[PDB]
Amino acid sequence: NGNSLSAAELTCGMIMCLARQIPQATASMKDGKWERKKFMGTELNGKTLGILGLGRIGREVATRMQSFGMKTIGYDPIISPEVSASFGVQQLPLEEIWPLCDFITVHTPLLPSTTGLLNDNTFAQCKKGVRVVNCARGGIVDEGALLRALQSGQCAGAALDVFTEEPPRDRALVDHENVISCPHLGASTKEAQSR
């Protein structure tokens, strides 16, 4: 609420980091290397961003990424398509969403219906090379499925602020070359923390 923008801003940051491999590039430069071909990226302009959860934070994400010329689609079980259209988000049924997305970002609570929202079934329905962002709640994205999709190239990268267990005991996602991560910093700004 008072932390909505901190969240949304971190989420946008993560999307940009996935598109250009900025954290990897920095680690590469810090290791004394100059690796330009390794870190060829993609432009966000004209890409499709799927936003699952169209509450305050997903809303704020959307209007920010619209400025980059991203197409913003999404799904929310409660919010009407005409309301979401009012902030530039095209609602489609979930099965329509998976194949269209170059990027997917989750902004849901952690419920039985959202636990493993992204799982081996839904990664298969994605376009090959999808990039995923979870800055919401650990578990929304199934961590095993994600690892499997990063291994196969079905998922080309992921950005995680949150984990099923915090700190994460299983290190295979954090250690993957295409995964960027933070220690649950979504609300960690001076402003959010400081009313």
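Heads up: residue numbers just count along the shown sequence, starting at 1.
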Do the CA atoms of 65-73 or those of 29-37 have the higher mean B-factor in the entry?
29-37
Of 56-64 and 166-174, the one with larger mean CA B-factor
166-174
Candidate residues 124, 106, 118, 89, the one whose C-alpha B factor the record puts highest:
124
Chain third (lowest, middle, highest) by recorded CA B-factor, residue given as residue 18:
middle
How does the C-alpha B factor of residue 144 compare with the rest of the chain: lowest, middle or highest third?
middle
Position of residue 153 among the chain's modelled residues by C-alpha B-factor, lowest, middle or highest third:
highest
